[PDB]
Each structure stands twice: as structure tokens, then as C-alpha cells.
């Protein structure tokens, strides 16, 4: 066999046109998988989706999806199974991170973050239960964060709640889905260089990198490669994990402990 073969997989990546989701979609496309790249409006980035279509032997398409809308989740799952004939890997990756301190955070700001990041995760997994189950080797991969499960950051207590909520959901979902052969795992990115963050300059970037033992920010494909590994047949006994990808950022006790 080829080790870590993903060429027979059919993958859904929510929030797949940008940032971390795009890194995840890129890796699956290079591995030869069918990949559905979902977005609120896929046509805004259709050249990205077409480019992914050139990277491997699988079929790559865009799908429209509002993750917070349970009907939209159900339509997208249906579309993907009609498209590929299967859906055996789900990367529930979509999420938002607007800023609000506790003394000003409105009920609407709190609800928006919980609707997208928590309900959107639950609805995405629920919509895909039947094809995940039918596959015999189903894989659920959640994009969480260090913020919430591990760290705090003033202005992001709702974001942190939402990212920790994904893990609480996972610890039960993994049990519900295990007898059907489905694993359920989470990836917790640290500081990842995205398209947004690049247009801020080498002084702001390397400033952030100074707190990271590895000495640089991560990339979207760092997240993508772990997701790819988790989706393989070879990872079928790994479930309920929360794996941090952060260049060692959360380890140092204090600024003086960052560098030997």
C-alpha cells in the first residue's frame, strides 16, 4: 500500500476558501481527495477553488454554506454526497473571532459567536452523520484554538467559550459515533500566518514570533497536514484528542523562559 493514502476520500471543509480552511483544503487536494470547499459565498473565491482542482486527481468544487443555519448545513451535506457519491471526512473549520471586552459585549455579539462557532460545528457534524456512518471509516476534524481550551485573551471571552465548547461536544460525540467507525478529533492552532496578518509588516510579525520557541508563526498547511493525517485509515484508533499546533507557544512559563 501507499502509507497515509487519502486518494479515495471525499472531504467537506467549511470556511474553506480562506485562511486555515484553505490550508486544510490545499493539503487534501494535493493528496488526491475529492474536496468540497464551502463558504458563505463561494463565487467570491472561485479562482482559489479552481486552482485547488489542479493539485491532484480528485474532484474539487465550491459549495455555498451558512454554518449557523441548520437547513443550509443539510443542503450542503446533500449536495456533497450527490456530487462525490460519499462524504467520509468532515472538517468543521468555519468560525469567526470579533473582539468584545466583557464590560461592553452585547447579547447580539455573544449570540453571533456562539451561533457560528458552536451551533455551526454541531449542525455541520449532524448534517453529515449518515454518510460518515455509511463509510465505515468516517472522520470528523474540528478547528478549535488554543484560546479557550488553554489560554485567555482580553476581548475574546466569547471566542474562547466557543472554542472550548467544541471540545466538550467532541468528548461525547466521539462516544456516540465510535461504534459506527467514526473518529472525532480537534486541532488547536496557535499563531498562524494568514492573508490578513501578512499586510502588517515584518516588524509586527517577528514581534509576535519572539514569544514562540520555534521562532516563527505557523502556516495554514501546518493545520492541513495534521488534518490529513487524522483523516487516514492509519489514524482510526485516535479519537477525542485536542492537538495543539503552535511552535511551543503555550509552553514557556514567562518571557524569560521562551529562549534557552
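Numbering follows the first chain given and starts at 1.
Asker: State which stretch shows the higher mean Cα B factor in the entry: 67-75 or 182-190.
Answerer: On average, C-alpha B-factors are higher across 67-75.
Asker: Would you determine, from the values in the PDB entry, which of 153-161 and 129-137 has the greater average C-alpha temperature factor?
Answerer: 129-137 has the higher mean C-alpha B-factor.
Asker: According to the deposited entry, which of 221, 45, 36, 231 has the largest Cα B-factor?
Answerer: Comparing C-alpha B-factors across 221, 45, 36, 231, the top value belongs to 45.
Asker: Ranking the modelled residues of this chain by C-alpha B-factor as given in the entry, is residue 247 in the lowest, middle or highest third?
Answerer: Lowest third of the chain for residue 247's C-alpha B-factor.
Asker: Please place residue 19 in the lowest, middle or highest third of its chain by C-alpha B factor as given in the entry.
Answerer: Answer is highest: the recorded C-alpha B-factor places it there.
Asker: How does the C-alpha B factor of residue 167 compare with the rest of the chain: lowest, middle or highest third?
Answerer: Ranked within chain, residue 167 CA B lands in the lowest tercile.
Asker: Where does residue 124 sit by CA temperature factor within its chain: lowest, middle or highest third?
Answerer: For residue 124, whose C-alpha B-factor we compare with every modelled residue in the chain, the answer is the lowest third.
Asker: Ranking every modelled residue in this chain by its Cα temperature factor as given in the entry, which third contains residue 226?
Answerer: It falls in the bottom third of the chain.
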